[PDB]
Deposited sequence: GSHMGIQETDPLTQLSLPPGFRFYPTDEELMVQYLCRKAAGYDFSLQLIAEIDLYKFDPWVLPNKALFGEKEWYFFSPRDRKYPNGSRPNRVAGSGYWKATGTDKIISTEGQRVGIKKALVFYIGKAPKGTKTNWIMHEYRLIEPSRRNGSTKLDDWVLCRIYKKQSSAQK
């Protein structure tokens, strides 16, 4: 019959961002305003970062699965060494950092790098992940920044 298109919801234009505004959150904002608030059901935290299983994908596919982003993308992924994803694996690298708010430790930031192939014979790529997790015992997510170096 007559055509009925699908109307997709741009989650930024609902917020009416003036031009020039970009999402450059501090580590403390990602923990307190996004990760902690997601558990609390806060609107902007639910609607601005996509729930996704990161380990089902090759990282170069991920930019298209993010609700927004130009050189960095953010996701919530289910909280769980060389863990497999797509045609490769993510390897922990560098030094884990503790994130604090108002003198309380709230989160840990972990860096990882994507290798293509099968551990431990894979080759390093420029895809980086920053996995932010809450300090809390055993719904349950980590917050991840994905980007490509260089």
Regions left out of the model, expressed as runs of the deposited sequence counted from 1: 81 to 88, 147 to 154, 167 to 171
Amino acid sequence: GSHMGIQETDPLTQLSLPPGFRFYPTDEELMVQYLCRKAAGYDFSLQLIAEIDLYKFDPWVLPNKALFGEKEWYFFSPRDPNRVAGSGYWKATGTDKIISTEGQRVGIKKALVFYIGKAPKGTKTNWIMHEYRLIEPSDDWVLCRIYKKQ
From here on, numbers count along this sequence of modelled residues.
115 to 123 or 34 to 42, whichever carries the higher mean Cα B-factor: 115 to 123
Between 65 to 73 and 88 to 96 (mean CA B-factor, as deposited), the higher: 65 to 73
Position of residue 58 among the chain's modelled residues by C-alpha B-factor, lowest, middle or highest third: middle
Where the record places residue 104 (Cα B-factor, split into thirds across the chain): highest
Cα B factor band for residue 12 (lowest, middle or highest third within the chain): highest
Residue 47 - Cα temperature factor, lowest/middle/highest third of chain: middle
